[PDB]
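*Asks:* Following this: a sequence and the matching experimental structure.
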2 protein chains.
Amino acid sequence: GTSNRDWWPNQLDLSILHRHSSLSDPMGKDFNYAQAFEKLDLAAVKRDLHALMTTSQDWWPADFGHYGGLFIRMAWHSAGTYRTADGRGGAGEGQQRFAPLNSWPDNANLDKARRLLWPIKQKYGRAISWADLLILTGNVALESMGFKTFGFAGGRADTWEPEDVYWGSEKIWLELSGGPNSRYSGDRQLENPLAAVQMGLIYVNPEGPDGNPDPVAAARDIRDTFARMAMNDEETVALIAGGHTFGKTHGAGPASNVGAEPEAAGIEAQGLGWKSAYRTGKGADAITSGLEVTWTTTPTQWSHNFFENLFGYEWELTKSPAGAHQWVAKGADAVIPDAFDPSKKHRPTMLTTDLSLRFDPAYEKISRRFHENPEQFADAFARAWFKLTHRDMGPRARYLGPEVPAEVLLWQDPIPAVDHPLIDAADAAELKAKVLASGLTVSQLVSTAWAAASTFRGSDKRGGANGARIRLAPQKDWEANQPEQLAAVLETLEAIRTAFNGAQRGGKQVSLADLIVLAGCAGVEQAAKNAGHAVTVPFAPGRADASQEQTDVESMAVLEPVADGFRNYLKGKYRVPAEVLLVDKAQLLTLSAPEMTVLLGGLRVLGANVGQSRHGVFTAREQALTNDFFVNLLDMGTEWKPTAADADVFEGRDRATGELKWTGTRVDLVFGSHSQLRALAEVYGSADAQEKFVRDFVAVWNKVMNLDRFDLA
Amino acid sequence: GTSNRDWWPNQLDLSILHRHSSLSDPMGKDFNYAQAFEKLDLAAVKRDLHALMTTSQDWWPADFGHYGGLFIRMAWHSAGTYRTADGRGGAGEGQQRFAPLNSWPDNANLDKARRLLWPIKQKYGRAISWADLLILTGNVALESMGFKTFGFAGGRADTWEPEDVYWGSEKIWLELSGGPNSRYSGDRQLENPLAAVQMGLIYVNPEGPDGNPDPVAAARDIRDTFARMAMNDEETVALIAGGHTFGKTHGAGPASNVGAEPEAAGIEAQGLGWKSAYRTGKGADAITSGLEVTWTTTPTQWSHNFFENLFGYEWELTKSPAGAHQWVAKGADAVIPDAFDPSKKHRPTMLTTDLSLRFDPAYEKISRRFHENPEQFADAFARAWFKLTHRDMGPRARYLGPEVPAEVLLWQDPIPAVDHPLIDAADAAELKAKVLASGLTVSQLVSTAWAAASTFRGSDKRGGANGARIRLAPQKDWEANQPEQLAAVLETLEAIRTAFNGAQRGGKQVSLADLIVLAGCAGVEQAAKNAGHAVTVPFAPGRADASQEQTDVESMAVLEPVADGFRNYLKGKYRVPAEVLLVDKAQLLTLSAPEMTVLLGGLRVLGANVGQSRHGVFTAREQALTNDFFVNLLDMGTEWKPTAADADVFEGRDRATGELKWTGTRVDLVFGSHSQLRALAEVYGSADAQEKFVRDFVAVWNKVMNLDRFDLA
Ligand code: HEM
Ligand code: HEM
Ligand code: NA
Ligand code: NA
Ligand SMILES: [O]
Ligand SMILES: [O]
């Protein structure tokens, strides 16, 4: 069936904004997963998981009698799709059970791991999500084999359809770099937002870069991909060596024996894939990656044998039974146990990427320290495993259950506890009137609150106005935030705060984070008033102010908006059209297409554009909250043409007189071009829509202001 | 960006069930279009439309100073996508303003027509939908030019994204037959459910079949396509000759001058398309179809000139200025006016497909009768125009406003008005006890009510249980309905009715239509009881019984299910896999994926399968309402393989013993294979979900029982 995508493959795709509707969810619209989880007997779930670790099923026999290794890899892969550039991927929505991730080559036989968990999932039902179960199972695997984890938080709600993520443009699974859709350019520069070296891999190729078994070059790819997953050199070494302390790889015969991935398999396979014609197709004959490596002498127990073997031997390049490159310890005894036959033993083996931990000079230093000090190794691995598997969970307020670590970590962008009474509705009214009496304009107030709140992204739940980090490095200096204007607004707001707080009794006070949001609310109310409408913009107090020392400035870098259509801002020239970047921002903000449309039309006429640009400011009453953007955009008495100077800027001229009326960007004019967006603009641009436009604008402004407010959840 | 569709282009697409969510709709979920329309000043809208007809805009000047012909074609095209096979297409959702229909070649320059209506749409806002406006504008164009319409009904609610329709598999616009995705096979057999000869056409090719100018062969395509749009020979002739009394075609220069369709055009085109480099690109220089034909001497007035010219002249094959085939009247004077230049006049011209009305023997007799009896032509065209433009509006109870024709038409599947008191809750209890005491089984009662209610389709709002048409030809004879078993259930129900009705006072009675549904509800209640649950199933009385004479047996043929996954029924072998057909049927029933899942799992265990097939009956307590379908399907202790005798039937065998436990179809197993469907099945298959399953099942059963109940809406 030929689709709109086939006819117009470059047209903007709005469906990504309309995912996760209540139509696709089988739970009541009332279902609260946090409340269900809070009543889960987590201890009982862990005891069941513990038993499962050594209860082999004959349809996928457990290596060494212990599923621990397999489950660790499962939880690692669930988490390891995460990219810092957009926060997409990660373990937080249990997306490994859906396409495409369920069928990535790197996820081969994790279909079997997930199926082994069905009986426990079935037993506990809605009180434990798949997303939480995958991570928990990983933790129980580690604990069952003698490793002390740093902790565990529940609260990852299940989802019911595939997330729309850009994983790359390649049309061939695992395509080597340099093809017609190469994700590499220049001196091996990986395209943002991607965080893996080949389509269908979690991070790097375990044979080495494009299959070239050089551990020094592999180290480069490791370092780059792991950084793009929020991990530094210490965390990377800890994770790889920690993981590869357990279990084994599977490459017992040629890869050609392996059939279709799950999404391609026949219906009868019941959601499993990679059915193998090699001998029994499982157990001792398993083929997963095609590599056949077992790293330690006790694959089912925590030890410091990974580094003892890495540094205790010299390594020789060899081939698995499936033909993959891998390494074997020169002149070693057969000291590594066989996964099924107690009478066989094998020499130590390693991947190319394992050897990176020794042959990269910076990794080597850390690996030596971890070798000499296995207690440091254990603690670094525990912390890194916690971080990895919880990186996309968002603020600490979302962490559920009795194993949540009490130590607050810098990577969490922590928010201090509130220790005083909150402002009430009458206090909020007084503060709004003071803000407005200061002489701050609607434009300044709206632009500042937008800048503070619109850092939120629903992908990993980072950002938002809580914390008042707009006043700290690096946010205060981001170009989109207009650093000089921002400084003058913040100074005036801080003087208002200091006076309000100084006047109170009982220790009531207002945070700067709250006041920034409230002040924007006052701006919106005033804009409505300027248009002849009396509205109260909702406001919920309770934000707190974080310090500079509680803010990792380097981690904060990935939240800088280089594209923000809502402020008509583009930091530079990009390959992706601006309107695509707008829909990407809207999705990160959790906005629907109608919410995106209302919000953008209102921001334009409030003065939110960076640098006071007139682009898309289609009104003669700037700073009044009206639907003028839509009425003027849709007026056929205007003709639009790209400018000679810049094809991405358009002039709107009266069709009769030739007089210049307006200018706009692609982000402005798309609402008059795209057939679904223009249908939305028409609603807001109709004669009966001024009151609806105001109400809808206020609702979406409030939604954006509260995106990070999991403390009120 | 490589998508799931690219990787696994044959995987089932569930997004079609989750369209039209409240996320994409800019109106509140409270918005009621019927109530908004009820308050529209329809008279005022029509006066503005009348004014519009001769208010020429310079960006698309009006032919002959009058846009009537253009607007008639617009309305005709809005309605003319309709297919009887599935009820999809038609005017009822205003889908002409979205992709792909906004950019079909046959809809060229209708973007201009719609844009001319923007100021009126704007002025009246939500009180008139685009969908209603398009048809109304057509009506006003006809009235403006002297033709009295049969009527007009509002109530077509606007939609906010493209409908997912199968329009054909061809990858080239207007591809001629016999290509690698040919919609034709055999003796010019058009594939169901299609109702046009080429991708991007409304019905046929105006040059003739695949561009061959033979009017007799063209007539065959016309007859077949129009039949598939619910039009017989009399309605077809009336429509074509009626329509082509007005206006003109546009082919002033070569088609190479015409640019990108709306969905391909530059952003600056602001939703418009087909920008032409031929001379002024518009008006006298317009290029639309590439044909250059004006049919009558008074193109802006109703006349009887179409048939006078058709029969009054002999016709010679010629070429338009764009090179298209068309016909000119042999030795005629220049009697046809020019659309722009009062000093030019033209000979009469016709399309191939117009000549079909004379050279096809059956059309010729009708065309001669219309030529000799212009009153009959008028009334037939008015009736056909009303039918065409309202065919997908559903039951009469949805027709709004003061122009609704009072005459009840057979094509409307009319339901007699109820003229008596309805049963109350005490009566409903007594009828259900009598039903259950009769000895009819759960399986009988469920199967009969499912058969009655599940004829509904939301695409054109035909079918459903109202009317009791299950007792009439042809439904009573359909194989899916199990005619012998059906007759025995209906006989026992009719006896129950006759006794209940005989015993009443005050003229209270129950329809057979109501009783069928109530009896099914008793079946479901009894099934719940069989499983140890106490459940009341909701029931809304008020259906009436239609007669045989009120049920057109030929029109009812297209609602026969050849595929009904909910009864594990397939009438023959098809090119579309069975699970695709299931999702298709779910969409027509207005079900979401979770609703489809729960409903199908419950029907399997209640005994709703046609022929009492065991396929998917995964329970040992048949006729008890449990979630056994899900628990057993998801049991990994069973391995599934296709049977040798039939690759579409599967055997589920114990993994340890090899013993046969169950058999299933693709419709059964898809719920264990597809990754989104299996996530749904898991929810209902969990240990905490038995109560949830029962309640959700009752909700969806009730939904289906009420699908056609617009009398209560
Ligand atoms: C450079 C980064 C990494 C690479 C290239 C890599 C590669 C691989 C490969 C190819 C396999 C074999 C799959 C098979 O055939 O069964 C595997 C197994 C494994 N990996 Fe990794 N890995 C990396 C990092 C990690 C991390 C960060 C963890 C966890 C902290 C982890 C834990 C494991 C475990 C437990 C197994 C054994 C699975 C089993 O016993 O069945 N790996 N790895
Ligand atoms: C055999 C079925 C039909 C065919 C092949 C056909 C074909 C065409 C074509 C090719 C055009 C010219 C488009 C252009 O170049 O601007 C046209 C115009 C038109 N058709 Fe049809 N038509 C059919 C049936 C109908 C019917 C059923 C109606 C209405 C009841 C209708 C009403 C019109 C009108 C009013 C125009 C004139 C448009 C204008 O003045 O701009 N046609 N038709
Ligand atoms: Na994420
Ligand atoms: Na329809
Ligand atoms: O891994
Ligand atoms: O037409």
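*Replies:* Received the coordinates, thanks. Residues are numbered from 1 along each chain as shown, chains lettered A, B, ... in the order given. Ligands and ions are numbered 1, 2, ... in the order given.

*Asks:* Which parts of the stretch 351-500 of chain A are helices?
*Replies:* A:352-359, A:361-372, A:374-390, A:425-437, A:442-453, A:483-502 (DSSP state H, counting those that start in this stretch).

*Asks:* export the fifth one as CSV, just CAs?
*Replies:* As requested, the backbone C-alpha atoms of helix A:442-453 are provided in CSV (Å, rounded to 0.1, in the frame of the first residue of the first chain):
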residue,chain,number,x,y,z
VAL,A,442,5.9,41.3,29.0
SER,A,443,8.6,40.4,26.5
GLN,A,444,11.3,40.3,29.2
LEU,A,445,9.2,38.3,31.7
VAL,A,446,8.0,35.7,29.1
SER,A,447,11.4,35.3,27.4
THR,A,448,13.1,34.7,30.8
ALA,A,449,10.6,32.1,32.0
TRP,A,450,10.6,30.4,28.6
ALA,A,451,14.4,30.2,28.7
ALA,A,452,14.3,28.7,32.2
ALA,A,453,11.4,26.2,31.7
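
*Asks:* Could you list every helix and strand in contact with it?
*Replies:* helix A:483-502, helix A:512-530, helix A:593-606, helix A:690-705 (3 or more C-beta pairs under 8 Å, 6 or more residues apart in numbering or on different chains; DSSP states H and E). (C-beta placed from N, C-alpha, C; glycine too.)

*Asks:* before we move on, what about the shortest one?
*Replies:* With contacts taken as 3+ C-beta pairs under 8 Å, 6+ apart, helix A:352-359 sits against helix A:215-227, helix A:233-243, helix A:305-312, strand A:325-329, helix A:361-372.

*Asks:* Quick check: the gap between the closest residue to ligand 4 within the stretch 101-250 of chain A and chain B.
*Replies:* When distances are taken as C-beta to the ion, the stretch 101-250 of chain A reaches nearest to ligand 4 at residue A:161, 25.7 Å away. Per C-beta to the nearest C-beta, to the nearest Å, residue A:161 is found 6 Å from chain B.

*Asks:* now swap in residue A:223 and tell me
*Replies:* 26 Å.

*Asks:* Tell me if whichever strand or helix holds residue A:78 is near ligand 1.
*Replies:* Residue A:78 is part of helix A:68-79 when elements are defined by DSSP states H and E. Yes. Residues of helix A:68-79 are located near ligand 1 by C-beta under 6 Å from any ligand atom, namely A:69-70, A:72-73, A:76.

*Asks:* now the strands for chain A?
*Replies:* A:184-185, A:189-190, A:315-319, A:325-329, A:336-337, A:345-346, A:349-350, A:563-564, A:569-570, A:638-642, A:649-654, A:660-665 (DSSP state E).

*Asks:* Export the ones you listed as JSON lines, with columns for mean neighbour count and distance to residue B:623.
*Replies:* Shown next, in JSON lines, are these (neighbours: other C-beta atoms under 10 Å in any protein chain shown; distance: least, C-beta to C-beta, whole Å):
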{"stretch": "strand A:184-185", "mean neighbour count": "14", "distance to residue B:623": "62"}
{"stretch": "strand A:189-190", "mean neighbour count": "14", "distance to residue B:623": "60"}
{"stretch": "strand A:315-319", "mean neighbour count": "15", "distance to residue B:623": "61"}
{"stretch": "strand A:325-329", "mean neighbour count": "21", "distance to residue B:623": "59"}
{"stretch": "strand A:336-337", "mean neighbour count": "22", "distance to residue B:623": "55"}
{"stretch": "strand A:345-346", "mean neighbour count": "16", "distance to residue B:623": "58"}
{"stretch": "strand A:349-350", "mean neighbour count": "24", "distance to residue B:623": "59"}
{"stretch": "strand A:563-564", "mean neighbour count": "22", "distance to residue B:623": "60"}
{"stretch": "strand A:569-570", "mean neighbour count": "22", "distance to residue B:623": "64"}
{"stretch": "strand A:638-642", "mean neighbour count": "17", "distance to residue B:623": "67"}
{"stretch": "strand A:649-654", "mean neighbour count": "18", "distance to residue B:623": "67"}
{"stretch": "strand A:660-665", "mean neighbour count": "19", "distance to residue B:623": "65"}
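
*Asks:* Please name whichever of those is nearest to ligand 4.
*Replies:* Of all these, strand A:638-642 comes closest under C-beta to the ion, at 34.8 Å.

*Asks:* Ignoring the adjacent residues along the chain, who's closest to whichever residue of chain A sits closest to ligand 4?
*Replies:* Using C-beta to the ion, the single residue of chain A nearest to ligand 4 is residue A:1, 16.9 Å away. Of all residues not flanking residue A:1 in the chain, residue B:166 sits nearest, at 4.7 Å (C-beta to C-beta, 6 or more residues apart in numbering or on different chains).

*Asks:* Tell me how many other residues crowd the one you found.
*Replies:* A count of neighbours around residue B:166, defined by other C-beta atoms under 10 Å in any protein chain shown, yields 17.

*Asks:* cool, residue A:437 as well?
*Replies:* For residue A:437, the neighbour count with other C-beta under 10 Å is 9.

*Asks:* And for residue A:147?
*Replies:* 21.

*Asks:* Dihedrals phi and psi, it?
*Replies:* Phi and psi for residue A:147, reported as degrees, to the nearest 10, are phi -110, psi 130.

*Asks:* Hmm, the residue nearest to residue A:1 is touching residue B:193, no?
*Replies:* Yes. If you go by C-beta atoms under 8 Å, residue B:166 and residue B:193 touch, sitting 6.8 Å apart.

*Asks:* So chain A: which segments form each domain?
*Replies:* A:1-167+A:373-407, A:168-372, A:408-564+A:689-713, A:565-688 (curated CATH domains).

*Asks:* Many thanks, we can stop here.
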